[PDB]
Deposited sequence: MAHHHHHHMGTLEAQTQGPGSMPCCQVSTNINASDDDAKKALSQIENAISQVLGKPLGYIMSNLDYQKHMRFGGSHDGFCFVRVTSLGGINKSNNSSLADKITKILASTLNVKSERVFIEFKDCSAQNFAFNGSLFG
């Protein structure tokens, strides 16, 4: 049931994607206690996506299923900045 979708205009290689998603899955499992075997995740390369009118690198993260989402947001932002080289200020996490 828990989902995490990372939409990005960064053309992540197949391995960059696995790096980001495995780390986010681990983060969700750790902070929220959800088993890895129930988690669905994806990195959706959207070459046209824009934020603020700019095509500069940007990630939009949707996490579906809560005081600790502050912590989870922090881990996710650090993960994407590392794996995809996105600016933290251009990582936006939405919880649903």
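Report task. Mind pulling out the bits of the deposited sequence that never got modelled, as residue ranges from 1? Result -> Those stretches are 1-21, 87-91, 123-137, listed in order.
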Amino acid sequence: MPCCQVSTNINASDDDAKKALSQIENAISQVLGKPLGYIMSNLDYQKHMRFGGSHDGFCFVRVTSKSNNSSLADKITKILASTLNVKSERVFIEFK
From here on, numbers count along this sequence of modelled residues.
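Requested in this report: May I ask you to compare 77-85 and 5-13 by their mean CA B factor in the entry and name the higher one?
Outcome: Taking the mean C-alpha B-factor of 77-85 and of 5-13, the larger value falls to 77-85.
Requested in this report: Could you settle it for me: does 47-55 or 66-74 have the higher average Cα B factor in the PDB entry?
Outcome: 66-74 has the higher mean C-alpha B-factor.
Query raised in the report: When the modelled residues of the chain are sorted by Cα temperature factor, does residue 27 land in the lowest, middle or highest third?
Result: It belongs to the middle third of the chain when residues are ordered by C-alpha B-factor.
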